[PDB]
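A.B. asks: Sharing a structure with you now.
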Amino acid sequence: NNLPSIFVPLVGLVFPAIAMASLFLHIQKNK
Amino acid sequence: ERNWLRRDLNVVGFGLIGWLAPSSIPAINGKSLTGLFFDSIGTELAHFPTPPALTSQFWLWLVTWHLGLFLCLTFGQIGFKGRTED
Amino acid sequence: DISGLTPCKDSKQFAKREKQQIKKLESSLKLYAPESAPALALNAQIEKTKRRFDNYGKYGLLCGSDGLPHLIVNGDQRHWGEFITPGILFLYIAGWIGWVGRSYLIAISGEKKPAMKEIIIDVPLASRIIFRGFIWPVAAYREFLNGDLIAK
Amino acid sequence: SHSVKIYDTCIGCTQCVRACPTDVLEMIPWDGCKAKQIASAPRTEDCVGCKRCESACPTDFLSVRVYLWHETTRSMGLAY
Amino acid sequence: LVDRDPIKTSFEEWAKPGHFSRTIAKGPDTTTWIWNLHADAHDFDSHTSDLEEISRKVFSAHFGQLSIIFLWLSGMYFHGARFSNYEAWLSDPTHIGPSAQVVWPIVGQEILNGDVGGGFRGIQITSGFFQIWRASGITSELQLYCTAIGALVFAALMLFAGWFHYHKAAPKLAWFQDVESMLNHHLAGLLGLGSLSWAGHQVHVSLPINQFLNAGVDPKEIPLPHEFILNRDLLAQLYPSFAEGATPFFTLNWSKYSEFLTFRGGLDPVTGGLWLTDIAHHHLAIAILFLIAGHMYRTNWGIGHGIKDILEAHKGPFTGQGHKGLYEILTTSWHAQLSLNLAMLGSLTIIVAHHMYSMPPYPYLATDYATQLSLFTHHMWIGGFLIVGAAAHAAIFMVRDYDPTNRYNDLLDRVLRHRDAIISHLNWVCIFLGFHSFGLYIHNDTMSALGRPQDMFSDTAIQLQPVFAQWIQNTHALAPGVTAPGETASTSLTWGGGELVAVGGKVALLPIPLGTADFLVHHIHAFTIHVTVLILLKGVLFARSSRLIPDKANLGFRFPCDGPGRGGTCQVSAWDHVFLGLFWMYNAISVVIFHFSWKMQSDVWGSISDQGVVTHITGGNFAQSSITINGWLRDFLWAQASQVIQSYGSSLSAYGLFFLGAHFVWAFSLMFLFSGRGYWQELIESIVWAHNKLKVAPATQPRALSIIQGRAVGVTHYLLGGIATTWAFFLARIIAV
Amino acid sequence: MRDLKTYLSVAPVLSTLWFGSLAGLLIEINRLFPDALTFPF
Amino acid sequence: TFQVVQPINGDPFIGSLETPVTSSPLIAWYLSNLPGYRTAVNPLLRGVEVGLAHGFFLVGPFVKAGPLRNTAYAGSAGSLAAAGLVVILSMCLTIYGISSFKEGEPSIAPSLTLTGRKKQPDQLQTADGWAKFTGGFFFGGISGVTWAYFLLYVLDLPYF
Ligand code: CLA
Ligand code: CLA
Ligand code: CLA
């Protein structure tokens, strides 16, 4: 199939970047 | 903090002349260190832009010439400037 | 035949081990003159190897399938010399040592500075106490009966 | 800031207040010992948690006790 | 200037342990007292604050050291005369393995007396004493017996001198602070005269006897050394120039001595070592140079230099007052001198280890592979240990003897005022070297595992050529006839001349090529050395104060921590920086010795046939296999450990036993390194409880080891286990092949 | 000498003498009766 | 006697020193003219210059050392990788700017020169200034990568 050519980069490069950016913004937040 | 070298450009000419004068004596089997370096420079320009090979004698002459030249320049600066502080 | 073992004297692998060891020793002797000292040493080694194998054969040990002696420690009377008698001897000796140490420690406990008698031993008192441990079982048992063995 | 507490087994030796590397501890008058003194701990916001005071106390178990707690810029010894 | 009978000779102090310290002399309340007794035994500074007493104590201990060394030499010479096969080896050096130790047959340990040739059974030695004795002209065991007797006499003399110069006539402080006279005497007399005497011995003894031996003469038919002195006709037959006597020397006709004073270079084809005439000329020239150099410093006659005057005149626009004040520091502190001398001696030992393998100075030494490997490794380890000790004592000086109010120095003050920049730059350099040296090995491993050999850093895919070292090799190979006209051959065969020297069917030395693997391993060496220098220099520079603990100098040189505060302060003392640098020194030296062993076995050592084809021990696999960590694990550690693990039942079984014993000792150290004191003190409390129950509780209360003692035990056991394992592995591998 | 006798009673010297004598006795015992695996008497 | 090293601005109690490396007139002139130190210019224009310079450089290593260096697709793959790295760096700059700066606050840059003269604090240390800088940097980096690829693989210039 062609699905692994999409989901492997999606889980290895895109989702980690989004999660790390969101988590850094969360931990750096103050009020 | 400015003019930290106490600029005196007479050192450049004096050091260059005081290196070129003794180094021009042909005590090396009829040849001089400056002469050997200049002939090596001339030989390596015949195949421009190809660089000198690892087995060429150019590098040895370059290093040995610049060692003495730098020694003359440094000692000239120290002597010229040290006359007024001691 | 305990655990399917066989006596050493009937074991063929035991003899093969002996033959291999002797043959290995004999190949080194051919490199030296018979009168030289190394030849004498190798002769003594060969004789000692033969004597050791004969003695192991005589004592009634048990061999496995590899031709190596095995020890039985279950308490059978036919193999009491393997574990029981050396164990009793060791227990006697260890009790002697411990009793002598305890007696010396108790002897110097009443002094002004008992610590200084531990780094610099009082030789005559220890020498007098050394002989007393030869009868340690009787003294220890009587002390246990009198209740002086355990600190109150 | 850390927590520094004093108990009434104190003998008034002064050795804890001489040992502190920041001014946290001081002597106050008292009654209950021969020396007529006891240690006090008014400035525990300046405590670094070194326990030099507890190494100096001669009581069987310490008459001064330090309990490590929330850490701040002063209590971490940061000069950044 | 001495004092007559300063201290009475008596046995009274022998019966009062800890007399040197007020605290220790009280008595053993706990077991910590016993450990405190041994740790402070030789710290003479803590005993008394008088410099004269410390100097007098220091002077006498060196006599005891010399006595112990002389006893060791006497034993070494005696064992060669009585329990060796030296005389059989002297007739056939290439087929007989040297041996000088024999074992009593007790519990079956006579198996260690394996054959070595010459009708002898013993333990093969790898110290190289046989070659030393052969190069000196020694032929019979009578001479060795005489040498052992003389060494024993000298040991007795040293012991008597040590007693005398402390109990009968102890020099004053003014005698010790005469550095000009000491330097003059140690240069002109100790070194120059020793070199001249050795040159004379080589001229009159070693040259004729070694010529006779090289000619093929039976050692029992060679004339005795004194016959060459009483009979000048024999020397004239060997060397015609001896017929003219010393007349050419005094008429400046020195060219007549060219027969036995040469400048050949290279190796002797018969023996595979350096020419002895070159060695004699070298020692003569060195003696002249040291004799001249010993007339530099001023003494009672006014001519010469003053060291203080030289120091005071060296200052610059960047350094302020310069070296002014360094003369007073180095004449009042024993620790700074010790640190400087330790560093220099360690560097010299490493240089000696590097030099002795490429220019083999002894006959039949290059073809004895085990001796070469052992000497290299031994001297590398000694140099590393001395270098670490240098930093330790520098930190001790910084903590104790630093006093700017009376001993100000501008150069030391300026270093302490910018230490942050130095430490940060060294940190960055270490990180850069670690990334760009070890990372290339991980890249190679990943590319090889993924099936992409064309993307590796190697001689076939991506070359990293060390062009600077190759240029130096080319310059040194072409030196004779261009820049060294007086030389006949190059200084070493490794420069790449192209010639091969073979002795008895084995390869002695030949050119050593450099490629991609050498680049990587050299940068690994640089990285490890830089990290070690970081840990030691940080430890020295921050000994007195830091931003974390401003008052660190008041706590001393050897303290465990300053408590759990400031986030935690474990390992802040200067002692802990030496404790941590020992581990990195071990790492660096292990890597260096592994590199040496594999490179030698792969590219140099081997056997030569009749047709002239060389078969190396491992077949030249270093170039392609060492570029990966898997290669080091497989082709070096796995393959070459088969000799040591198969040694049971043979004469090499002692190495097999030591392998496992050292493994156990190394693993045993991790208990002290990973755990802390409180657990063990709590555990002892329960054990003491049952001893109280049976009335066997000691009056000396048991205590757990201190924090520093536990750290020291751990590091000592760690180093012992690792070094012993490597030692057994190397010896078992190299004796068999 | 009383002080010399005191130095001979210190722990390390006494332990060394005791262990040397013990090792000698054990070595001679194993020399007279080698390879003992069982107590035959 | 003449001495070269002096304390920073004459104050010996501030943790720095003045050396020829830090205070040489040539070095001082060179650093003052870089875009990162032009405090009186629109941050967008400095960001565009920084992006252009940094994007132009990145093409070389990716092109020459990449997994497809020995194939006909070397240049395109290298340029695409450089563009991806530029995108990642732009994301990092945006995230840093969001985390560090709050809307409506004044600048936190120093407002004193080395000679004691009062100056307007840099506007790069504000949310708006950093956003402009990041948007200039992204546009500059993409433009530099495209220019490098164009020069290397659309014009057959005699390089190397
Ligand atoms: C010429 C060389 C030299 C000299 C004269 C000294 C002299 C000194 N050093 Mg020193 N040192 C040196 C080299 C030297 N060092 C080197 C090379 C290192 C680096 C490893 C060190 C590291 C070092 C440290 C870390 C310390 C010293 C200290 C000292 C001082 C006290 C030493 C003491 O009490 O020893 C006591 C001696 C011992 C406890 C013996 C140790 C035994 C070793 C570790 C194990 C041997 C194993 C053995 C084979 C097993 C057999 C055991 C047997 C019972 C069966 C003293 C002035 C101390 C100091 O000044 O404190 C303020 C200190 O803390 N040194
Ligand atoms: C094998 C274990 C190991 C490793 C890897 C290290 C590594 C390091 N030690 Mg170290 N150390 C160790 C054991 C180890 N030590 C032990 C047992 C001790 C004794 C207690 C010490 C004691 C010690 C001291 C005292 C010091 C160090 C320091 C250092 C660092 C040196 C500077 C540098 O950049 O090096 C190069 C770094 C490496 C080789 C590690 C990187 C590994 C490769 C390159 C993989 C890279 C992956 C890459 C980044 C992508 C990953 C991304 C991820 C998503 C997968 C380095 C990180 C020093 C320090 O702090 O720095 C100066 C220092 O002062 N160590
Ligand atoms: C005469 C001395 C003596 C005596 C009677 C005992 C008796 C005992 N010890 Mg013990 N012990 C001793 C010395 C002694 N210990 C020493 C010196 C140490 C430090 C090495 C220990 C360390 C120790 C531990 C760690 C433990 C015991 C335990 C025990 C109990 C279990 C039985 C046993 O054998 O344990 C085994 C005992 C040992 C292996 C100790 C080694 C034997 C030493 C070498 C004997 C030394 C004798 C001494 C030199 C006497 C000199 C006499 C002379 C002056 C005349 C038992 C009550 C165990 C217990 O029940 O916990 C409470 C336990 O866990 N002991």
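Heads up, residue numbers simply count up from 1 along the chain you see.
Heads up, the Cβ atoms here are built off N, Cα and C, so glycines get one too.
Heads up, here are the entries from Swiss-Prot:
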type	residues	note
DOMAIN	D:1-30	domain '4Fe-4S ferredoxin-type 1'
BINDING	D:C10, D:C13, D:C16, D:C57	[4Fe-4S] cluster 1 binding site
BINDING	D:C20, D:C47, D:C50, D:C53	[4Fe-4S] cluster 2 binding site
DOMAIN	D:38-67	domain '4Fe-4S ferredoxin-type 2'
A.B. asks: Rounded to a whole angstrom, what is the C-alpha distance between D:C10 ([4Fe-4S] cluster 1 binding site) and D:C53 ([4Fe-4S] cluster 2 binding site)?
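C.D. replies: That separation, Cα to Cα, works out to 13 Å.
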A.B. asks: For D:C16 ([4Fe-4S] cluster 1 binding site), what is the tally of other C-beta atoms lying within 10 angstroms of its C-beta?
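C.D. replies: So the number of other Cβ atoms within 10 Å of D:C16 ([4Fe-4S] cluster 1 binding site) is 25.
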A.B. asks: Using DSSP and collapsing to three states, where does D:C50 ([4Fe-4S] cluster 2 binding site) fall: helix, strand or coil?
C.D. replies: coil
A.B. asks: Which one is closest to D:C57 ([4Fe-4S] cluster 1 binding site) in space, judged by CA to CA distance, out of the binding-site residues D:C20, D:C47, D:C50?
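C.D. replies: The answer is D:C20.
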A.B. asks: If you draw a 10 Å sphere on the Cβ of D:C10 ([4Fe-4S] cluster 1 binding site), how many other Cβ atoms land inside?
C.D. replies: 20
A.B. asks: If I restrict to non-local contacts, at least six residues apart, and a C-beta distance under 8 angstroms, what lies near D:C50 ([4Fe-4S] cluster 2 binding site) in its own chain?
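C.D. replies: Result: D:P21.
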A.B. asks: Taking only the Cα atoms, work out how far D:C53 ([4Fe-4S] cluster 2 binding site) lies from D:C13 ([4Fe-4S] cluster 1 binding site), in Å, as a whole number.
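C.D. replies: Cα-Cα distance, D:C53 ([4Fe-4S] cluster 2 binding site) to D:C13 ([4Fe-4S] cluster 1 binding site): 12 Å.
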A.B. asks: Among all chains shown, work out which of the binding-site residues D:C13, D:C20, D:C53 has the most CB atoms within 10 A of its CB.
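C.D. replies: Compared across D:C13, D:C20, D:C53, the most Cβ atoms within 10 Å surround D:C53.
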A.B. asks: So which of these binding-site residues, D:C13, D:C16, D:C20, D:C50, D:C53, D:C57, get their C-beta under 8 angstroms from chain E?
C.D. replies: D:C50
A.B. asks: Least buried of the binding-site residues D:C47, D:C57, going by other Cβ atoms within 10 Å?
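C.D. replies: Taking D:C47, D:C57 as the binding-site residues, the minimal 10 Å Cβ count falls on D:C57.
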A.B. asks: Pull the DSSP breakdown for the domain '4Fe-4S ferredoxin-type 1' (D:1-30) and write it out as helix, strand, coil residue counts.
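C.D. replies: Per-class counts: 5 helix, 8 strand, 17 coil.
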A.B. asks: Apart from D:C10, D:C13, D:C16, D:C57, which residues in this chain have a Cβ no more than 8 Å from the mean position of the Cβ atoms of those residues at the [4Fe-4S] cluster 1 site?
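C.D. replies: Leaving out the recorded residues gives D:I11, D:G12, D:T14, D:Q15, D:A39, D:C53, D:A56, D:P58, D:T59, D:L62, D:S63, D:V64.
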A.B. asks: Take the C-alpha atoms of D:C20 ([4Fe-4S] cluster 2 binding site) and D:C13 ([4Fe-4S] cluster 1 binding site) and report the distance between them in angstrom, rounded.
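C.D. replies: On Cα coordinates alone, these residues lie 14 Å apart.
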A.B. asks: Using Cα coordinates, what distance in whole Å links D:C13 ([4Fe-4S] cluster 1 binding site) and D:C47 ([4Fe-4S] cluster 2 binding site)?
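C.D. replies: Computed Cα spacing between D:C13 ([4Fe-4S] cluster 1 binding site) and D:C47 ([4Fe-4S] cluster 2 binding site) is 21 Å.
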